[PDB]
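before the rest arrives, take these chain(s) from the complex:
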Amino acid sequence: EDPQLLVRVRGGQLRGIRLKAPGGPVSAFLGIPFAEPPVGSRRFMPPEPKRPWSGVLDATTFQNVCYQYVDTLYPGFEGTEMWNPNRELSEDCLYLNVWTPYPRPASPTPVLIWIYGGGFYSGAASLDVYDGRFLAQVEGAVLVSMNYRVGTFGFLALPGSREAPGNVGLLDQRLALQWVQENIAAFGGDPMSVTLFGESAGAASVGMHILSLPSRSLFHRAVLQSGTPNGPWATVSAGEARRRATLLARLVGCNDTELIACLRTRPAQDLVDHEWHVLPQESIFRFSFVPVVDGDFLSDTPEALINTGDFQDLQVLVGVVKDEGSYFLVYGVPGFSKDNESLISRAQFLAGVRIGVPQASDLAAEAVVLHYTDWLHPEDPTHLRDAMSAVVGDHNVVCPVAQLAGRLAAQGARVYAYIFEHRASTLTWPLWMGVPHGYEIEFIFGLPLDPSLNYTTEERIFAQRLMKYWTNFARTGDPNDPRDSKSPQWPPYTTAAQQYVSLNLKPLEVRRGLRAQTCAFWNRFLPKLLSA
């Protein structure tokens, strides 16, 4: 009975496991219930605080993964499997995990909270790339990550109703953060130094906590890796979500009360069968069920909220990876596969834009093609492939990030930006995909430090540097080494200068304008072009 592995949280006692990390041992506390299982009549509803428990609750292992679609594009393939649920699937999945230094911090420690991604239809805290042991050991951090409801279970809404008000996935996230205010001290965490960090939909989630007042007293700083609450994919209008819910009801055989009561009767897997039949539109970033603009959690659209908000006392780290759009190309855009070099024809390129920008009218798509064509080599299949990747990356991530970072700086937030450029040596996707969406996380989390993973010694140093940026940001609001002098400094992103940095193996490099011209195209022109 190791007393370092025993904690008393409000709901009672917990027994963690001692995990080993490369340079020492860490205390883990995996699968802590933070809410009553959102099951049965609770499906679609706001999460409720977990009731207290007798005895010593075992928290030595990861709990179930929230119920979700499992990816079968590339069966057995490491590139995809690594994002797939690695524990049993269950509607009962509202559990968080805590990693702390072993022995537990003598004084209150900066807490990072991870929110995973997966476009609000997938994901799990238990995935290997979010293993919080390294940041716990090396950087002496309290690292927390929670499961939240994805897909229909978490984001299916019939706006304005009692029994499916929507955004409950985001509410799960909030309850985890509430749990952290009330409990993290018991682990050595400092509740007054909480930093949220997340990727893709996790980043957008983080973003939505920035934009929702009730969340704002649960954290102090935020990191948005490769995702935003604004942009084409992160939200839906009240009207449109209601529509999507209704067509799913109809699709499985079902007054709001009545329509929901029916859905609740249905096996979880029945709902997943038709998750991907609610947007018959050949989108890429479909996912039918995403946070809804509800006039509640989201008091207005993110664009609107972002435009008007006051971000006076707020530090934020935002970035993108070199090749956001490559990964998504293989998932429905013709001519793109992991197996060949995917050198597409020009006709395919025009075809792809109609998929990548499904919102685009003929003229709009025309413009996108006009902007992204290299008119010096308009036919070269290499440029058209790389272009297609860019159209998607930029439209869905890079520009939304640029736009967000812009407004936050404008409105008094303190912003740091990066572009992530180093392709992992262990990467199992083809070369042409470059540095794909998702492939910075393994470095931030510190995975190369595990020699058993065969990461190059240079990568193991890079990871250390990134870990030190993140935890430094977490500690102080400033990614920069607070007593190491001349490494080149990471300057804050300002709308004036527009400085970001390249995160790669070469030391920091300051660049200006994050796709300045191209983001101008997406952010200022295209909107005006579609409407009128």
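Perfect, thanks for sending it. Numbering: from 1, shown residues only, chains lettered A, B, ... in the order given.

secondary structure class for residue A:316?
Classification of residue A:316 using DSSP: H, G, I helix; E, B strand; the rest coil returns strand.

got a list of what it touches?
Applying C-beta atoms under 8 Å, 6 or more residues apart in numbering, we find residue A:316 in contact with A:210, A:221-224, A:405, A:408, A:413-416. C-beta here means a position set from N, CA and C on the backbone, and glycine is covered the same way.

which parts of the strand or helix carrying residue A:519 count as buried, going by neighbours?
For residue A:519, the element it lies in under DSSP states H and E is helix A:516-520. Across helix A:516-520, burial judged by 16 or more other C-beta atoms under 10 Å covers A:518-519.

what do you get for stretch A:521-532?
So, applying 16+ other C-beta under 10 Å, buried residues of stretch A:521-532: A:521-523, A:526, A:529.

need the max-distance pair from these.
The largest separation in the buried residues of stretch A:521-532, counting by C-beta to C-beta, is between A:523 and A:529 at 11.7 Å.

which element, helix or strand, includes the residue nearest the centre of chain A?
Centroid check for chain A by C-alpha atoms, centre = their mean gives residue A:202 as the closest residue, at 2.3 Å. Per DSSP H and E, residue A:202 falls inside helix A:201-210.

so what secondary structure elements neighbour that helix?
The contact analysis (3 or more C-beta pairs under 8 Å, 6 or more residues apart in numbering; DSSP states H and E) places helix A:201-210 against strand A:109-115, helix A:168-183, strand A:189-199, helix A:213-216, strand A:221-225.

at 7 Å instead, please
In terms of contacts (3 or more C-beta pairs under 7 Å, 6 or more residues apart in numbering; DSSP states H and E), helix A:201-210 is packed against strand A:109-115, helix A:168-183, strand A:189-199, strand A:221-225.

excluding covalently adjacent residues, which one is nearest to residue A:515?
Closest residue to residue A:515 apart from its sequence neighbours, by C-beta to C-beta, 6 or more residues apart in numbering: residue A:398 at 5.4 Å.

add chain B to what we have:
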Amino acid sequence: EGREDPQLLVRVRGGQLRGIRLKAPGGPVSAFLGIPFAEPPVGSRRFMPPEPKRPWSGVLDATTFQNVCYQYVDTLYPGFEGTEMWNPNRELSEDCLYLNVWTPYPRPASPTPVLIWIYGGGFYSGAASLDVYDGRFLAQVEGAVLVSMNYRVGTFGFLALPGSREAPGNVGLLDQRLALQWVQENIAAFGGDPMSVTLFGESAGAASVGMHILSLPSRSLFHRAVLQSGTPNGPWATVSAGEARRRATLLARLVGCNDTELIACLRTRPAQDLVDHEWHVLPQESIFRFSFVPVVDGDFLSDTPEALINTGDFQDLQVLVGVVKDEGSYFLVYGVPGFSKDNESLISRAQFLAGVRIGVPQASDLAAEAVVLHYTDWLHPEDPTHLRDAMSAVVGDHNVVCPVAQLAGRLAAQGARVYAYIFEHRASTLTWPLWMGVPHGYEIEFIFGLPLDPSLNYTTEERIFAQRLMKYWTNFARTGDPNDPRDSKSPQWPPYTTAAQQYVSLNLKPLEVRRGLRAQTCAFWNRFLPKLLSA
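Okay, here's chain B dropped in alongside the others:
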């Protein structure tokens, strides 16, 4: 005769001429200046196509430049060499249809290839008599026969009541064509090869050359063609029949005036009245607001130049085309508010948006917005220096560079030997402000070899550069290849292809080949922007 220099007495179809032995830097040249090629287009002849000049008797004194066609004289900057150099340098008169000839001295034994110059001036101005079109250097140094003609400009040249008998339109181009005819018949008397006639022009002159390439009755009168900073396609070079008619009418109203009766009235108005009102037809704030330009008449121009360059066959055609580094700058001072020759012309963003509406007068609210998008450097959206340069760029690109880019494109695509350049040398002698860079018109003085006149104060390096360019031009005239068939050590000038889009830089350094004539931006102007005016 008797006592006269016998090298200076020549006979042409209209009769006898006496020329003048002119001193050029490296030796003498023969000039026959102010030969009439047409019956003076005065009185009942105004607005009418030219009639060939009826033979005269005795000897015509062809020793001095003749009258310049009646045109508007610029007074934006009085005293200023920068503008005065383009102003008429002879008397203004409707009787202006004369041409000039420069030949070696003595005139050569075998027939030399002929170069015919069509001057620019937006179709509203110009003279073959300006100092920058002096043929003496080309004649002397390159052994070439150079001809330039006067052709009617403004209302006199281009006021059209399309479909009418009394004002058909395009008479200015017909003046040009008659001069080419005159060359076919008579140039051998001067030692000229009518089997080898290369047209060259600049700006509106370029456009004119272009339109000769496009007007079949003209093709049999020349063999090669050069277009310097100008094209027949693009926004300023032509007008739809309807529009041309509207303008002609509105001008008739302005001077106080059944097509017959209307023109009959116009013909009664003094030349000066017509000039005094030719600018007031478009209050329409605009730079390349020339009211009277070539009309797409379904005759001289069978159809729009845009159509013809896209559908015509150009197998048998070698073309030289280019632009200067700063086509637009010049134009900004003629009514883009903020821009002056006398200061740095640093402008605000407000003035930029303003300038884009004047520069692109035909642009909808949305399209203008698009121009601003593409031209703003969003890294420094507020930089006076950048915005100033962007505005130059907009005007230059829209009116000259992209049309030329397009022209070079469609032609090479339809089987022509196209040669492309960008001229990047600023005259040491330039009187325009530093910020204007290498402006529109300021290559001409090099092609013509002016630097060789040591009294003009050009640097030695410039003197050498001028010679280099004169070789390029005359080589092209001679062979359809600007490259020296002898010296292959020096860098080659590759044809422009749709494949590789190769052009060369003309500057004090040897030829550098570049790919892409403003490729991305000209995509904007030539491909995207049109569709943005479709709904």
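
again for the buried residues of helix A:516-520, since chain B is there now?
A:516, A:518-520 (16 or more other C-beta atoms under 10 Å in any protein chain shown).

and the residues you listed near chain B, which?
A:516, A:520 (C-beta under 7 Å from any C-beta of the partner chain).

return the closest of the buried residues of helix A:516-520 with respect to residue A:214.
residue A:519 (31.2 Å).

in the stretch 1-150 of chain A, which residue sits nearest chain B?
residue A:117 (28.8 Å; C-beta to the nearest C-beta).

could you dump the buried residues of helix A:516-520 to TSV with distance to residue A:82?
Converted to TSV, those look like this (distance: C-beta to C-beta, whole Å):
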residue	distance to residue A:82
A:516	34
A:518	30
A:519	30
A:520	35
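
in which helix or strand does residue A:242 reside?
Per DSSP H and E: helix A:238-252 holds residue A:242.

what sits up against that helix?
With C-beta atoms under 7 Å, 6 or more residues apart in numbering or on different chains as the test, helix A:238-252 has contacts from A:152, A:156-159, A:166, A:259, A:262-263, A:266, A:270-271, A:274, A:277-278, A:288-289, A:292-294.

could the C-alpha coordinates of stretch A:26-37 be exported in PDB?
The C-alpha coordinates for stretch A:26-37 follow below in PDB (Å, rounded to 0.1, in the frame of the first residue of the first chain):
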ATOM      1  CA  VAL A  26       5.200   8.900 -12.200                       C
ATOM      2  CA  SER A  27       1.900   8.700 -10.300                       C
ATOM      3  CA  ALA A  28      -1.000   7.800 -12.600                       C
ATOM      4  CA  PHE A  29      -4.700   8.000 -11.600                       C
ATOM      5  CA  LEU A  30      -6.500   6.700 -14.700                       C
ATOM      6  CA  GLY A  31     -10.200   6.500 -15.300                       C
ATOM      7  CA  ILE A  32     -11.500   8.700 -12.500                       C
ATOM      8  CA  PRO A  33     -15.300   9.100 -12.800                       C
ATOM      9  CA  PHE A  34     -16.200  12.800 -13.100                       C
ATOM     10  CA  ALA A  35     -19.800  12.300 -14.000                       C
ATOM     11  CA  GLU A  36     -22.800   9.900 -13.600                       C
ATOM     12  CA  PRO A  37     -22.700   7.500 -16.600                       C
END
